[PDB]
Every structure is written in structure tokens, then in C-alpha cells.
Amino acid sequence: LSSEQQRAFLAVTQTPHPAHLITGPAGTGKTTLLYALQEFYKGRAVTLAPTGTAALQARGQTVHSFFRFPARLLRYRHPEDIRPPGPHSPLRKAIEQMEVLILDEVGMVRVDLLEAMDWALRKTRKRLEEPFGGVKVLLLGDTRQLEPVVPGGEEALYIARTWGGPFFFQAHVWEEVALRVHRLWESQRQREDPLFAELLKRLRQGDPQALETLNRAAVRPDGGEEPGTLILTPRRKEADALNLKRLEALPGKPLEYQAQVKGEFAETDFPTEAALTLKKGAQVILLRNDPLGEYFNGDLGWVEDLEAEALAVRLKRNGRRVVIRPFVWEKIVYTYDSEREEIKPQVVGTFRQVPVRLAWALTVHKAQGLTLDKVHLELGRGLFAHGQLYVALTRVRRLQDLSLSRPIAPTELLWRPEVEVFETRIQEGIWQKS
């Protein structure tokens, strides 16, 4: 509906050039424009996103769940990690007929995921000569929002010598196709609070005086119990503690879903709580996709019935009831063996638990992309990722709806240099690799 939305819709549908990017600050309407691209490209297009919450918000699915990529480092063009589907599988028949791939929240898309989408699309359509196999890809997202996640294994050494960085614009595909950049400026999520919107405009460039304005405006440590509030917190275990304190305020019998952890599985890598106490009405979020498709990762809901090795959840999207059973997680580490310059994956331990965690309080990574009614930001040991603070402050429409526990220190205004070179070289309208 917006002008820059309508002009970005046209610049993307009216030209047959693949590799477009529609970027802009948070709440400018990228994902809403995607809903319009979906109506334009009905049935011709698949909508993907890197995260489960962002995928549901965009009315699509995660990139891994579509291509069936393993949840590990997708080595460059490596047939052990990236594998094309079967000769007459229904996945194959979807890649072949499709012509548009809409990829939302492109900023959280790690370079190895994008480079795997390229190769996977080349091999299945057997156009190994053409980027993305001839699919017209439409990227949407923001690079000043959260960076892609890199675990401290040899994966970070593999990424740093094959791409030199984890961001999607460091993928080697951009040396074969130029990326066309369309920009949105005027904010729509915060169209009601213009000064909140422009406070957030100067915060995304890191204006320090625009931050002391924030610390005296929106600090209400008591902000965590006004009903209708969603608590954002950086670290997962911090969210566990806040979740349980709200959980003890419900008049139901609790169930303790003890996890069967095994092998060398660290506690810091725990997807959900190990003990995971849950009551008959708790607000949960689902962490794994249903092999039958009635629920997905990132699905918010509330418990209705819970039992020994299963429980039922009312999903908030469709208002329907699902029953979840314990999925099994597994930890992958990358070992340098043999004394050859090739690393190889290994599984060192499993974590069998019900794919559920409480969601009175959520991480910030699972909040990116969402429009929330009311948010309280509880800073634990602090901010550790790039764009993590900007994401937590932009989920609301009015400042009135945002709450801080402590005043932010400029200490927490992280920033990557790879992003500034990108944001500077796309001022021309194009990105082809340096």
C-alpha cells in the first residue's frame, strides 16, 4: 500500500533480473510487501526464512526444512552436506517448476546457507551454469539487525577461509550475478509514534545521544508483570529463569519433563531446559517441526493437557490443538582429522527432550521479524551479538509499549565492519562482490 512499497513491488516484478534485495530499517514493511509478492507470484513462488519464527511470520518455512539441509556447516558445494532430492520425490517436482524464491530476513542467513541454496538449485534443475539454477530470488531483510550465528568450532575457521565472513553478501554467487538493491525508509510499524520511529532511526546508526534519550524514557524494571507483556532477553538460560518465575504463579499441577541427555552434550548448547517444568496452562513455544505438518518450529501456544511422554498445545496461529512427543536432538562437532586439510562432521552426543520451552519470556533471536503489542527487555549478562539491541527495541509500535530493565550502556552497541562496507557500497543501488 505504501509508496516505497509499491515502487519496490514494481522494481522487482517488472524486471526479469534475478537477485533483488529489498532492504530497510525495522518495521518499514518488508515482510508486508512479501505478502503482496506472494499474491502476485501465486503457486509459482516458495517463501523461506532462516528462522522458524521468521518463517511463520512470512507464511513460509525455514530454508533447512525446504531443502532438507542438515543443521550444521554446509561445506562449499559438498555432496555430503548439500544433497539434491530424489528423481521423482515431491521436493524435486517443486524446485523444478518453481520460478521465484522469496527469502525473508536475509540478514540472519549465514553465507554457507545461501551458498547451499545456490548449489542445491543448480544441481536439481541441472543448470550448473546459472546462479540459483535460474530461479529469480527476492531477498528481504536488514543487515543492521541480527548477524548470522557461528559456533566456535572449526566451522568458524572454515567460514573465515572460504568466504572470509558469515554474512550472506560474502557468498561467491555474487561474483556471477549482481544483486539489485531496493530501499525502504518510512516506518510503518511505528507510524503512530513518529518520534519513537526517528529515535530508532538514529539508534540504528548508533547515535550515542539518541541512546541516553532512550535510557531515561523507557526504563521501568517493574515492566515485567503488566499483563500482555512479552519479555525479550539475550541469553536462553536467562529466559528460563524468568519463564519459571511467571510459571510458579499458576494454580496447576506441574510436570517435570526430564531430558535423557547422553554423550558429550554441553549444558550451554541445551535447546530447551533439561528439567523443563510445565503446568496445565503455561505459554509455550514449539522448537521442532512436525513430520506431518500441523505444527512448526517457532509456534507459540498454551498447554491444555500434559502427560508422561507427551502433551497437547493450542497453537496461536490457527487456534487448533496439536500433541507433541519428545524429539531427539544431537550435537555435531567438526573434527580436523585426518591430518588432511579437510574437516569432517561427528556426532558426540544426543539430547532427547520434548520440543517445548516456556515462552512468557523469549530470546531476541526468536523475536526478530515480529510485531509485538508490548515488550520488556531484560538485560542479563548483556548484549553479545550485532544488531541485537536494535531488534529488541523495534518490536513495538509505541515507545509506551517498550520497557527496559536497566539503562543501556553504549557498551552494548556492537557493530560489524563487514556490514558498513556493504551498507556503503549498496548506496549505489547494486552489490557485486569486492
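Rigid core here is just the name for the largest C-alpha set that superposes within 1.5 Å across the two forms. Start at 1 with the first residue shown and count on from there.
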Exercise. Between 59-67 and 401-409, where do the CA atoms move more in 6 other deposited structures of this protein, taking the root mean square over the structures and residues after a core fit?
Worked result: 401-409
Problem set entry | Which of 214-222 and 125-133 lies farther from this form in 6 other deposited structures of this protein, as RMS of C-alpha positions after a rigid core fit | 214-222
Problem set entry | 32-40 set against 378-386, stretch whose average Cα temperature factor tops the other in the entry | 378-386
For this session: Using the B-factors recorded in the PDB entry, average over the C-alpha atoms of 117-125 and of 344-352, then report which stretch comes out higher.
Result: 344-352
For this session: Could you tell me which one of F327, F169, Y76, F296 shows the highest CA temperature factor in the PDB record?
Result: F327
Problem set entry | Criterion, highest CA B-factor; candidates, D142, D112, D104, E264 | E264
Seminar exercise, completed: Chain-relative C-alpha B factor for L300 (record values, thirds): the lowest
Problem set entry | Relative C-alpha B-factor of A197, binned into the chain's lowest, middle or highest third | highest
Exercise. Comparing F132 with the other modelled residues of its chain, is its CA B-factor in the lowest, middle or highest third?
Worked result: lowest
For this session: Sort the modelled residues of this chain by their C-alpha B factor and say whether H182 lands in the lowest, middle or highest third.
Result: lowest
For this session: Just say lowest, middle or highest third for the CA B-factor of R191 relative to the other modelled residues in its chain.
Result: middle
